[PDB]
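One file, run_34.csv, carrying CSV, N, CA and C atoms:
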chain,number,residue,atom,x,y,z
A,639,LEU,N,59.2,56.2,-134.8
A,639,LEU,CA,60.0,56.5,-133.6
A,639,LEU,C,61.4,56.0,-133.8
A,640,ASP,N,62.3,57.0,-134.2
A,640,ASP,CA,63.7,56.6,-134.6
A,640,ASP,C,64.8,57.2,-133.7
A,641,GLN,N,64.4,58.1,-132.8
A,641,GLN,CA,65.4,58.6,-131.8
A,641,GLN,C,65.3,57.8,-130.5
A,642,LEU,N,66.4,57.5,-130.0
A,642,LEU,CA,66.4,56.7,-128.7
A,642,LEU,C,67.2,57.6,-127.7
A,643,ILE,N,66.5,57.9,-126.6
A,643,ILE,CA,67.1,58.8,-125.5
A,643,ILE,C,67.1,58.0,-124.2
A,644,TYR,N,68.2,57.9,-123.6
A,644,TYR,CA,68.3,57.2,-122.3
A,644,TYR,C,68.2,58.2,-121.2
A,645,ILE,N,67.4,57.9,-120.2
A,645,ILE,CA,67.2,58.7,-119.0
A,645,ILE,C,67.7,58.0,-117.8
A,646,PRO,N,68.8,58.4,-117.2
A,646,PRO,CA,69.3,57.6,-116.1
A,646,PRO,C,68.7,58.0,-114.7
A,647,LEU,N,69.2,57.5,-113.7
A,647,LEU,CA,68.9,57.9,-112.3
A,647,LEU,C,69.4,59.3,-112.1
A,648,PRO,N,68.8,60.1,-111.3
A,648,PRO,CA,69.2,61.5,-111.2
A,648,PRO,C,70.5,61.7,-110.4
A,649,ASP,N,71.2,62.7,-110.8
A,649,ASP,CA,72.5,63.1,-110.1
A,649,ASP,C,72.1,64.0,-108.9
A,650,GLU,N,73.2,64.5,-108.3
A,650,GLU,CA,73.1,65.2,-107.0
A,650,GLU,C,72.3,66.5,-107.1
A,651,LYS,N,72.7,67.3,-108.1
A,651,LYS,CA,72.0,68.6,-108.3
A,651,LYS,C,70.5,68.3,-108.7
A,652,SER,N,70.3,67.3,-109.5
A,652,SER,CA,68.9,66.9,-109.8
A,652,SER,C,68.2,66.4,-108.6
A,653,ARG,N,68.8,65.7,-107.7
A,653,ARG,CA,68.1,65.3,-106.4
A,653,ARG,C,67.8,66.5,-105.6
A,654,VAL,N,68.7,67.6,-105.5
A,654,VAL,CA,68.4,68.8,-104.9
A,654,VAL,C,67.1,69.5,-105.5
A,655,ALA,N,67.1,69.5,-106.8
A,655,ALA,CA,65.9,70.2,-107.4
A,655,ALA,C,64.6,69.4,-107.3
A,656,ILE,N,64.7,68.0,-107.2
A,656,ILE,CA,63.5,67.2,-107.0
A,656,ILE,C,63.0,67.4,-105.6
A,657,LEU,N,63.9,67.5,-104.6
A,657,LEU,CA,63.5,67.7,-103.2
A,657,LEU,C,63.0,69.1,-103.0
A,658,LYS,N,63.4,70.1,-103.8
A,658,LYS,CA,62.8,71.4,-103.8
A,658,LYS,C,61.5,71.5,-104.4
A,659,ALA,N,61.3,70.7,-105.5
A,659,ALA,CA,60.1,70.8,-106.3
A,659,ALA,C,58.9,70.1,-105.6
A,660,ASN,N,59.3,69.1,-104.8
A,660,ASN,CA,58.2,68.3,-104.1
A,660,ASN,C,57.7,69.1,-102.9
A,661,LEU,N,58.5,70.0,-102.3
A,661,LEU,CA,58.1,70.6,-101.1
A,661,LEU,C,57.7,72.0,-101.2
A,662,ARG,N,57.2,72.5,-102.3
A,662,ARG,CA,56.8,73.9,-102.5
A,662,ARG,C,55.4,74.1,-101.8
A,663,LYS,N,54.6,73.0,-101.7
A,663,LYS,CA,53.3,73.2,-101.1
A,663,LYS,C,53.4,73.1,-99.6
A,664,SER,N,54.4,72.5,-99.0
A,664,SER,CA,54.5,72.3,-97.6
A,664,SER,C,55.2,73.4,-96.9
A,665,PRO,N,54.8,73.7,-95.7
A,665,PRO,CA,55.6,74.7,-94.9
A,665,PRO,C,56.8,74.0,-94.3
A,666,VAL,N,58.0,74.2,-94.8
A,666,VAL,CA,59.2,73.6,-94.4
A,666,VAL,C,60.0,74.6,-93.6
A,667,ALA,N,60.4,74.2,-92.4
A,667,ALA,CA,61.3,75.1,-91.6
A,667,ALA,C,62.6,75.3,-92.2
A,668,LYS,N,63.2,76.5,-92.0
A,668,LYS,CA,64.4,76.9,-92.7
A,668,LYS,C,65.6,76.3,-92.1
A,669,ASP,N,65.5,75.5,-91.0
A,669,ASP,CA,66.6,74.8,-90.4
A,669,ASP,C,67.0,73.5,-91.1
A,670,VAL,N,66.2,73.2,-92.2
A,670,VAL,CA,66.4,71.9,-92.8
A,670,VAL,C,67.4,72.1,-93.9
A,671,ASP,N,68.4,71.1,-94.0
A,671,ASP,CA,69.4,71.2,-95.0
A,671,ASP,C,69.1,70.1,-96.1
A,672,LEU,N,68.7,70.6,-97.3
A,672,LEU,CA,68.4,69.7,-98.4
A,672,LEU,C,69.7,69.3,-99.1
A,673,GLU,N,70.7,70.1,-99.1
A,673,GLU,CA,71.9,69.8,-99.8
A,673,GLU,C,72.7,68.7,-99.1
A,674,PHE,N,72.6,68.6,-97.8
A,674,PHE,CA,73.1,67.4,-97.1
A,674,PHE,C,72.2,66.2,-97.4
A,675,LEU,N,70.9,66.4,-97.6
A,675,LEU,CA,70.0,65.3,-97.8
A,675,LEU,C,70.2,64.7,-99.1
A,676,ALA,N,70.7,65.4,-100.1
A,676,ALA,CA,70.9,64.8,-101.4
A,676,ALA,C,72.2,64.1,-101.5
A,677,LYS,N,73.1,64.3,-100.5
A,677,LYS,CA,74.4,63.6,-100.5
A,677,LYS,C,74.3,62.2,-100.1
A,678,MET,N,73.4,61.9,-99.1
A,678,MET,CA,73.3,60.5,-98.6
A,678,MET,C,72.6,59.6,-99.6
A,679,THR,N,71.7,60.2,-100.4
A,679,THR,CA,70.8,59.4,-101.2
A,679,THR,C,71.4,59.1,-102.5
A,680,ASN,N,72.5,58.4,-102.5
A,680,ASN,CA,73.1,57.9,-103.8
A,680,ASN,C,72.4,56.7,-104.3
A,681,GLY,N,71.8,56.9,-105.5
A,681,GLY,CA,71.1,55.8,-106.1
A,681,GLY,C,69.6,55.8,-105.9
A,682,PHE,N,69.0,56.9,-105.4
A,682,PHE,CA,67.5,56.9,-105.4
A,682,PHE,C,67.0,57.3,-106.7
A,683,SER,N,65.7,57.1,-106.9
A,683,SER,CA,64.9,57.7,-108.0
A,683,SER,C,64.1,58.8,-107.5
A,684,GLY,N,63.3,59.4,-108.4
A,684,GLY,CA,62.4,60.5,-108.0
A,684,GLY,C,61.3,60.0,-107.1
A,685,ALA,N,60.8,58.8,-107.3
A,685,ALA,CA,59.6,58.3,-106.5
A,685,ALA,C,60.0,58.0,-105.1
A,686,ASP,N,61.3,57.7,-104.9
A,686,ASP,CA,61.7,57.4,-103.5
A,686,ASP,C,61.8,58.8,-102.7
A,687,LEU,N,62.2,59.8,-103.4
A,687,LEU,CA,62.3,61.1,-102.7
A,687,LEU,C,60.9,61.7,-102.4
A,688,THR,N,59.9,61.5,-103.4
A,688,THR,CA,58.6,61.9,-103.1
A,688,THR,C,58.0,61.1,-102.0
A,689,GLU,N,58.3,59.8,-101.9
A,689,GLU,CA,57.9,58.9,-100.8
A,689,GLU,C,58.4,59.4,-99.5
A,690,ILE,N,59.6,59.8,-99.4
A,690,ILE,CA,60.2,60.1,-98.1
A,690,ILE,C,59.7,61.5,-97.6
A,691,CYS,N,59.4,62.4,-98.6
A,691,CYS,CA,58.8,63.7,-98.3
A,691,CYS,C,57.4,63.5,-97.8
A,692,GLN,N,56.6,62.7,-98.4
A,692,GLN,CA,55.2,62.5,-98.0
A,692,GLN,C,55.2,61.7,-96.6
A,693,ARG,N,56.2,60.9,-96.3
A,693,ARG,CA,56.2,60.2,-95.1
A,693,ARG,C,56.5,61.2,-93.9
A,694,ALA,N,57.5,62.1,-94.2
A,694,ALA,CA,57.7,63.2,-93.2
A,694,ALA,C,56.5,64.0,-92.9
A,695,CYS,N,55.8,64.3,-94.0
A,695,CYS,CA,54.5,65.1,-93.9
A,695,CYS,C,53.5,64.3,-93.1
A,696,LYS,N,53.4,63.0,-93.2
A,696,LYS,CA,52.5,62.2,-92.4
A,696,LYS,C,52.8,62.2,-90.9
C,639,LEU,N,80.6,21.3,-85.2
C,639,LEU,CA,80.3,22.8,-85.4
C,639,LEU,C,78.8,23.0,-85.3
C,640,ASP,N,78.4,23.5,-84.2
C,640,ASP,CA,76.9,23.6,-83.9
C,640,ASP,C,76.5,25.0,-83.7
C,641,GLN,N,77.4,26.0,-83.5
C,641,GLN,CA,77.0,27.4,-83.4
C,641,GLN,C,77.0,28.0,-84.8
C,642,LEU,N,76.1,28.8,-85.1
C,642,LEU,CA,76.0,29.6,-86.4
C,642,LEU,C,76.0,31.1,-86.1
C,643,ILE,N,77.0,31.8,-86.6
C,643,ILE,CA,77.1,33.2,-86.3
C,643,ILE,C,77.1,33.9,-87.6
C,644,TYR,N,76.2,34.9,-87.8
C,644,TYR,CA,76.1,35.7,-89.0
C,644,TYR,C,76.9,36.9,-88.9
C,645,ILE,N,77.7,37.3,-89.9
C,645,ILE,CA,78.5,38.4,-89.9
C,645,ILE,C,78.1,39.3,-91.1
C,646,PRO,N,77.5,40.4,-90.9
C,646,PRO,CA,76.9,41.3,-91.9
C,646,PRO,C,78.0,42.2,-92.5
C,647,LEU,N,77.5,43.1,-93.4
C,647,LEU,CA,78.3,44.2,-93.9
C,647,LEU,C,78.5,45.2,-92.8
C,648,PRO,N,79.7,45.9,-92.7
C,648,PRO,CA,80.0,46.7,-91.6
C,648,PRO,C,79.1,48.0,-91.5
C,649,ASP,N,78.8,48.4,-90.3
C,649,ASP,CA,78.1,49.6,-90.1
C,649,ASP,C,79.0,50.8,-90.1
C,650,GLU,N,78.5,52.0,-89.8
C,650,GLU,CA,79.2,53.2,-90.0
C,650,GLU,C,80.4,53.4,-89.1
C,651,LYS,N,80.2,53.1,-87.8
C,651,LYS,CA,81.4,53.2,-86.9
C,651,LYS,C,82.4,52.1,-87.2
C,652,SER,N,81.9,51.0,-87.7
C,652,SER,CA,82.8,49.9,-88.2
C,652,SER,C,83.6,50.4,-89.4
C,653,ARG,N,83.0,51.1,-90.3
C,653,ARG,CA,83.7,51.6,-91.5
C,653,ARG,C,84.7,52.7,-91.1
C,654,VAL,N,84.4,53.5,-90.1
C,654,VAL,CA,85.4,54.4,-89.5
C,654,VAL,C,86.6,53.7,-89.0
C,655,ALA,N,86.4,52.6,-88.2
C,655,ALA,CA,87.5,51.9,-87.6
C,655,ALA,C,88.3,51.1,-88.7
C,656,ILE,N,87.6,50.7,-89.7
C,656,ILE,CA,88.3,50.0,-90.8
C,656,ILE,C,89.2,51.0,-91.6
C,657,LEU,N,88.7,52.2,-91.9
C,657,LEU,CA,89.5,53.2,-92.5
C,657,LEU,C,90.6,53.7,-91.7
C,658,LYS,N,90.5,53.7,-90.3
C,658,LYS,CA,91.6,54.0,-89.5
C,658,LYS,C,92.6,52.9,-89.4
C,659,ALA,N,92.2,51.6,-89.4
C,659,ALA,CA,93.1,50.5,-89.2
C,659,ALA,C,93.9,50.3,-90.5
C,660,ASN,N,93.4,50.7,-91.7
C,660,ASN,CA,94.1,50.4,-92.9
C,660,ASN,C,95.2,51.5,-93.1
C,661,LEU,N,95.1,52.6,-92.5
C,661,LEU,CA,95.9,53.8,-92.8
C,661,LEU,C,96.9,54.1,-91.7
C,662,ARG,N,97.2,53.1,-90.8
C,662,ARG,CA,98.2,53.4,-89.8
C,662,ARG,C,99.6,53.5,-90.3
C,663,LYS,N,99.9,52.7,-91.4
C,663,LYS,CA,101.2,52.7,-91.9
C,663,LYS,C,101.5,53.9,-92.8
C,664,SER,N,100.5,54.6,-93.3
C,664,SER,CA,100.7,55.6,-94.3
C,664,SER,C,100.7,57.0,-93.6
C,665,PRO,N,101.5,57.9,-94.1
C,665,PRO,CA,101.4,59.3,-93.6
C,665,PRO,C,100.2,60.0,-94.2
C,666,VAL,N,99.1,60.2,-93.4
C,666,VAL,CA,97.9,60.8,-93.9
C,666,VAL,C,97.9,62.2,-93.3
C,667,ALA,N,97.6,63.2,-94.2
C,667,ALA,CA,97.5,64.6,-93.7
C,667,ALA,C,96.3,64.7,-92.8
C,668,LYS,N,96.4,65.7,-91.9
C,668,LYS,CA,95.3,65.8,-90.9
C,668,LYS,C,94.1,66.6,-91.4
C,669,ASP,N,94.2,67.0,-92.6
C,669,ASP,CA,93.1,67.7,-93.3
C,669,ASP,C,92.0,66.8,-93.8
C,670,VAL,N,92.2,65.5,-93.7
C,670,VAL,CA,91.3,64.5,-94.3
C,670,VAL,C,90.2,64.1,-93.3
C,671,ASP,N,89.0,64.1,-93.7
C,671,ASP,CA,87.8,63.8,-92.9
C,671,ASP,C,87.4,62.3,-93.2
C,672,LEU,N,87.7,61.4,-92.2
C,672,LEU,CA,87.3,60.0,-92.4
C,672,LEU,C,85.8,59.8,-92.0
C,673,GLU,N,85.3,60.6,-91.1
C,673,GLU,CA,83.9,60.4,-90.7
C,673,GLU,C,82.9,60.9,-91.8
C,674,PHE,N,83.3,61.8,-92.6
C,674,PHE,CA,82.5,62.1,-93.8
C,674,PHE,C,82.7,61.0,-94.8
C,675,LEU,N,83.9,60.4,-94.8
C,675,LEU,CA,84.1,59.3,-95.8
C,675,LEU,C,83.3,58.1,-95.5
C,676,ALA,N,83.0,57.8,-94.3
C,676,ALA,CA,82.2,56.6,-93.9
C,676,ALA,C,80.7,56.8,-94.2
C,677,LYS,N,80.3,58.1,-94.3
C,677,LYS,CA,78.9,58.3,-94.5
C,677,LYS,C,78.5,58.0,-96.0
C,678,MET,N,79.3,58.4,-96.9
C,678,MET,CA,79.0,58.1,-98.3
C,678,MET,C,78.9,56.6,-98.7
C,679,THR,N,79.8,55.8,-98.0
C,679,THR,CA,80.0,54.5,-98.4
C,679,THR,C,79.0,53.5,-97.7
C,680,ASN,N,77.8,53.7,-98.1
C,680,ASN,CA,76.7,52.8,-97.6
C,680,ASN,C,76.7,51.6,-98.4
C,681,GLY,N,77.0,50.4,-97.8
C,681,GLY,CA,77.0,49.2,-98.4
C,681,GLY,C,78.3,48.7,-98.9
C,682,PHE,N,79.4,49.3,-98.6
C,682,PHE,CA,80.7,48.7,-98.9
C,682,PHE,C,81.1,47.6,-98.0
C,683,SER,N,82.1,46.8,-98.4
C,683,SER,CA,82.7,45.8,-97.5
C,683,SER,C,84.0,46.3,-97.0
C,684,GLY,N,84.8,45.5,-96.3
C,684,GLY,CA,86.1,45.9,-95.9
C,684,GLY,C,87.1,45.9,-97.0
C,685,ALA,N,87.0,45.0,-98.0
C,685,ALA,CA,87.9,44.9,-99.1
C,685,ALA,C,87.8,46.1,-100.0
C,686,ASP,N,86.6,46.7,-100.2
C,686,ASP,CA,86.4,47.9,-101.0
C,686,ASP,C,87.1,49.1,-100.3
C,687,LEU,N,87.1,49.2,-99.0
C,687,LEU,CA,87.8,50.3,-98.3
C,687,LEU,C,89.3,50.1,-98.4
C,688,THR,N,89.8,48.9,-98.3
C,688,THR,CA,91.2,48.7,-98.5
C,688,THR,C,91.6,49.0,-99.9
C,689,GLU,N,90.8,48.7,-100.9
C,689,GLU,CA,91.0,48.9,-102.3
C,689,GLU,C,91.2,50.4,-102.5
C,690,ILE,N,90.2,51.2,-102.0
C,690,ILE,CA,90.3,52.7,-102.2
C,690,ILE,C,91.4,53.4,-101.5
C,691,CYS,N,91.8,52.8,-100.3
C,691,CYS,CA,93.0,53.4,-99.6
C,691,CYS,C,94.2,53.1,-100.4
C,692,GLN,N,94.4,51.9,-100.9
C,692,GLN,CA,95.6,51.6,-101.7
C,692,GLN,C,95.6,52.3,-103.0
C,693,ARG,N,94.5,52.6,-103.6
C,693,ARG,CA,94.4,53.4,-104.8
C,693,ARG,C,94.9,54.8,-104.6
C,694,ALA,N,94.4,55.4,-103.5
C,694,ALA,CA,94.9,56.8,-103.2
C,694,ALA,C,96.4,56.8,-102.9
C,695,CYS,N,96.9,55.7,-102.3
C,695,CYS,CA,98.3,55.6,-102.1
C,695,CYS,C,99.1,55.5,-103.4
C,696,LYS,N,98.5,54.7,-104.4
C,696,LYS,CA,99.2,54.7,-105.7
C,696,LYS,C,99.2,56.0,-106.4

Full structure transcribed into structure tokens:
Amino acid sequence: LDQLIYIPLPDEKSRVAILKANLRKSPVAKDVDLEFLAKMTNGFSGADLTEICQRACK
Amino acid sequence: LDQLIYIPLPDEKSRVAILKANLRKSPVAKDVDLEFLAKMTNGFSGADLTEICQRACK
């Protein structure tokens, strides 16, 4: 194992795509703005976004 | 000295008022949205906001 690849925290477009990919199974109303939702969450990881999606589902 | 008062980091309306109070001397164009500017800066102090205002002035 000689290649080293660093994987940082996700950027804004990445957060948009994570929030889209987590919610394909759920019926989401079209009134919801995900692009505003990715702007507030500066410094989250993927697991935090999955956590908040599942909490809204609960 | 028997009273103890805790002073936390400023909230969102407080950040709006800090950004307003720092920029009274400067000619600011009316196209600038400060209320959007206070939403991004979750967890700044007052000195950080004065720093970024003076850097824009520079």

- Go ahead and compute the interatomic distance for atom C of residue 650 in chain A and atom N of residue 692 in chain A, in Å to one decimal.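 Computed distance, atom C of residue 650 in chain A to atom N of residue 692 in chain A, equals 18.3 Å.
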
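Within 12 Å of chain A, chain C contributes the residues residues 674, 675, 676, 677, 678, 679, 680 and 681 of chain C, using only C-alpha atoms.
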
- Message: For residue 653 in chain A, find every residue with an atom within 8 Å (counting all atoms listed in the file), except residues of its own chain fewer than 4 positions away, and show them as a PyMOL selection string.
- Response: chain A and resi 647-649+657-659+672-673+675-677+683-684

Writer output for current selection, N, CA and C atoms, as a PDB file, keeping the file's coordinate frame:
ATOM      1  N   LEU A 647      69.200  57.500-113.700  1.00  0.00           N
ATOM      2  CA  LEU A 647      68.900  57.900-112.300  1.00  0.00           C
ATOM      3  C   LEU A 647      69.400  59.300-112.100  1.00  0.00           C
ATOM      4  N   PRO A 648      68.800  60.100-111.300  1.00  0.00           N
ATOM      5  CA  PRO A 648      69.200  61.500-111.200  1.00  0.00           C
ATOM      6  C   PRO A 648      70.500  61.700-110.400  1.00  0.00           C
ATOM      7  N   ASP A 649      71.200  62.700-110.800  1.00  0.00           N
ATOM      8  CA  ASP A 649      72.500  63.100-110.100  1.00  0.00           C
ATOM      9  C   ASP A 649      72.100  64.000-108.900  1.00  0.00           C
ATOM     10  N   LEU A 657      63.900  67.500-104.600  1.00  0.00           N
ATOM     11  CA  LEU A 657      63.500  67.700-103.200  1.00  0.00           C
ATOM     12  C   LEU A 657      63.000  69.100-103.000  1.00  0.00           C
ATOM     13  N   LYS A 658      63.400  70.100-103.800  1.00  0.00           N
ATOM     14  CA  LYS A 658      62.800  71.400-103.800  1.00  0.00           C
ATOM     15  C   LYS A 658      61.500  71.500-104.400  1.00  0.00           C
ATOM     16  N   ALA A 659      61.300  70.700-105.500  1.00  0.00           N
ATOM     17  CA  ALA A 659      60.100  70.800-106.300  1.00  0.00           C
ATOM     18  C   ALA A 659      58.900  70.100-105.600  1.00  0.00           C
ATOM     19  N   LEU A 672      68.700  70.600 -97.300  1.00  0.00           N
ATOM     20  CA  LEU A 672      68.400  69.700 -98.400  1.00  0.00           C
ATOM     21  C   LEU A 672      69.700  69.300 -99.100  1.00  0.00           C
ATOM     22  N   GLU A 673      70.700  70.100 -99.100  1.00  0.00           N
ATOM     23  CA  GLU A 673      71.900  69.800 -99.800  1.00  0.00           C
ATOM     24  C   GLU A 673      72.700  68.700 -99.100  1.00  0.00           C
ATOM     25  N   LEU A 675      70.900  66.400 -97.600  1.00  0.00           N
ATOM     26  CA  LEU A 675      70.000  65.300 -97.800  1.00  0.00           C
ATOM     27  C   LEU A 675      70.200  64.700 -99.100  1.00  0.00           C
ATOM     28  N   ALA A 676      70.700  65.400-100.100  1.00  0.00           N
ATOM     29  CA  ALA A 676      70.900  64.800-101.400  1.00  0.00           C
ATOM     30  C   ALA A 676      72.200  64.100-101.500  1.00  0.00           C
ATOM     31  N   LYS A 677      73.100  64.300-100.500  1.00  0.00           N
ATOM     32  CA  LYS A 677      74.400  63.600-100.500  1.00  0.00           C
ATOM     33  C   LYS A 677      74.300  62.200-100.100  1.00  0.00           C
ATOM     34  N   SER A 683      65.700  57.100-106.900  1.00  0.00           N
ATOM     35  CA  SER A 683      64.900  57.700-108.000  1.00  0.00           C
ATOM     36  C   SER A 683      64.100  58.800-107.500  1.00  0.00           C
ATOM     37  N   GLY A 684      63.300  59.400-108.400  1.00  0.00           N
ATOM     38  CA  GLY A 684      62.400  60.500-108.000  1.00  0.00           C
ATOM     39  C   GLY A 684      61.300  60.000-107.100  1.00  0.00           C
TER      40      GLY A 684
END

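Between CA of residue 666 in chain C and CA of residue 686 in chain C the interatomic distance comes to 18.7 Å.
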
- Task: Compile the contact shell of residue 661 in chain C as a VMD selection string: residues with an atom at most 12 Å away, counting only C-alpha atoms, same-chain residues fewer than 5 positions apart removed.
- Result: chain C and resid 654 to 656 666 to 667 670 672 687 to 692 694 to 695

- What separation in Å, quoted to one decimal, exists between atom C of residue 682 in chain A and CA of residue 652 in chain A? 10.3 Å

- alpha helix (DSSP H) positions in chain C, given as an NGL selection string: :C and (650-660 or 672-678 or 684-695)

Starting from the incomplete input, reconstruct N, CA, C and O atoms of range 674-689 of chain A and write that as a PDB file, keeping the file's coordinate frame.
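Written out: selection-v7.pdb:
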ATOM      1  N   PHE A 674      72.600  68.600 -97.800  1.00  0.00           N
ATOM      2  CA  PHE A 674      73.100  67.400 -97.100  1.00  0.00           C
ATOM      3  C   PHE A 674      72.200  66.200 -97.400  1.00  0.00           C
ATOM      4  O   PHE A 674      72.703  65.059 -97.350  1.00  0.00           O
ATOM      5  N   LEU A 675      70.900  66.400 -97.600  1.00  0.00           N
ATOM      6  CA  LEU A 675      70.000  65.300 -97.800  1.00  0.00           C
ATOM      7  C   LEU A 675      70.200  64.700 -99.100  1.00  0.00           C
ATOM      8  O   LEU A 675      69.956  63.473 -99.276  1.00  0.00           O
ATOM      9  N   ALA A 676      70.700  65.400-100.100  1.00  0.00           N
ATOM     10  CA  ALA A 676      70.900  64.800-101.400  1.00  0.00           C
ATOM     11  C   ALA A 676      72.200  64.100-101.500  1.00  0.00           C
ATOM     12  O   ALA A 676      72.451  63.283-102.397  1.00  0.00           O
ATOM     13  N   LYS A 677      73.100  64.300-100.500  1.00  0.00           N
ATOM     14  CA  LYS A 677      74.400  63.600-100.500  1.00  0.00           C
ATOM     15  C   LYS A 677      74.300  62.200-100.100  1.00  0.00           C
ATOM     16  O   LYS A 677      74.969  61.281-100.602  1.00  0.00           O
ATOM     17  N   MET A 678      73.400  61.900 -99.100  1.00  0.00           N
ATOM     18  CA  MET A 678      73.300  60.500 -98.600  1.00  0.00           C
ATOM     19  C   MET A 678      72.600  59.600 -99.600  1.00  0.00           C
ATOM     20  O   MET A 678      72.922  58.461 -99.705  1.00  0.00           O
ATOM     21  N   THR A 679      71.700  60.200-100.400  1.00  0.00           N
ATOM     22  CA  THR A 679      70.800  59.400-101.200  1.00  0.00           C
ATOM     23  C   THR A 679      71.400  59.100-102.500  1.00  0.00           C
ATOM     24  O   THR A 679      70.929  59.550-103.596  1.00  0.00           O
ATOM     25  N   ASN A 680      72.500  58.400-102.500  1.00  0.00           N
ATOM     26  CA  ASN A 680      73.100  57.900-103.800  1.00  0.00           C
ATOM     27  C   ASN A 680      72.400  56.700-104.300  1.00  0.00           C
ATOM     28  O   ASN A 680      72.322  55.682-103.690  1.00  0.00           O
ATOM     29  N   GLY A 681      71.800  56.900-105.500  1.00  0.00           N
ATOM     30  CA  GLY A 681      71.100  55.800-106.100  1.00  0.00           C
ATOM     31  C   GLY A 681      69.600  55.800-105.900  1.00  0.00           C
ATOM     32  O   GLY A 681      68.957  54.784-106.269  1.00  0.00           O
ATOM     33  N   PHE A 682      69.000  56.900-105.400  1.00  0.00           N
ATOM     34  CA  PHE A 682      67.500  56.900-105.400  1.00  0.00           C
ATOM     35  C   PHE A 682      67.000  57.300-106.700  1.00  0.00           C
ATOM     36  O   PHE A 682      67.670  57.886-107.535  1.00  0.00           O
ATOM     37  N   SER A 683      65.700  57.100-106.900  1.00  0.00           N
ATOM     38  CA  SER A 683      64.900  57.700-108.000  1.00  0.00           C
ATOM     39  C   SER A 683      64.100  58.800-107.500  1.00  0.00           C
ATOM     40  O   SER A 683      64.205  59.271-106.341  1.00  0.00           O
ATOM     41  N   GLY A 684      63.300  59.400-108.400  1.00  0.00           N
ATOM     42  CA  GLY A 684      62.400  60.500-108.000  1.00  0.00           C
ATOM     43  C   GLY A 684      61.300  60.000-107.100  1.00  0.00           C
ATOM     44  O   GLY A 684      60.890  60.751-106.138  1.00  0.00           O
ATOM     45  N   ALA A 685      60.800  58.800-107.300  1.00  0.00           N
ATOM     46  CA  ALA A 685      59.600  58.300-106.500  1.00  0.00           C
ATOM     47  C   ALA A 685      60.000  58.000-105.100  1.00  0.00           C
ATOM     48  O   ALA A 685      59.182  58.208-104.181  1.00  0.00           O
ATOM     49  N   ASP A 686      61.300  57.700-104.900  1.00  0.00           N
ATOM     50  CA  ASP A 686      61.700  57.400-103.500  1.00  0.00           C
ATOM     51  C   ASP A 686      61.800  58.800-102.700  1.00  0.00           C
ATOM     52  O   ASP A 686      61.441  58.811-101.537  1.00  0.00           O
ATOM     53  N   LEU A 687      62.200  59.800-103.400  1.00  0.00           N
ATOM     54  CA  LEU A 687      62.300  61.100-102.700  1.00  0.00           C
ATOM     55  C   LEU A 687      60.900  61.700-102.400  1.00  0.00           C
ATOM     56  O   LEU A 687      60.663  62.262-101.377  1.00  0.00           O
ATOM     57  N   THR A 688      59.900  61.500-103.400  1.00  0.00           N
ATOM     58  CA  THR A 688      58.600  61.900-103.100  1.00  0.00           C
ATOM     59  C   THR A 688      58.000  61.100-102.000  1.00  0.00           C
ATOM     60  O   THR A 688      57.211  61.592-101.133  1.00  0.00           O
ATOM     61  N   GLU A 689      58.300  59.800-101.900  1.00  0.00           N
ATOM     62  CA  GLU A 689      57.900  58.900-100.800  1.00  0.00           C
ATOM     63  C   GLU A 689      58.400  59.400 -99.500  1.00  0.00           C
ATOM     64  O   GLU A 689      57.583  59.465 -98.507  1.00  0.00           O
TER      65      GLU A 689
END
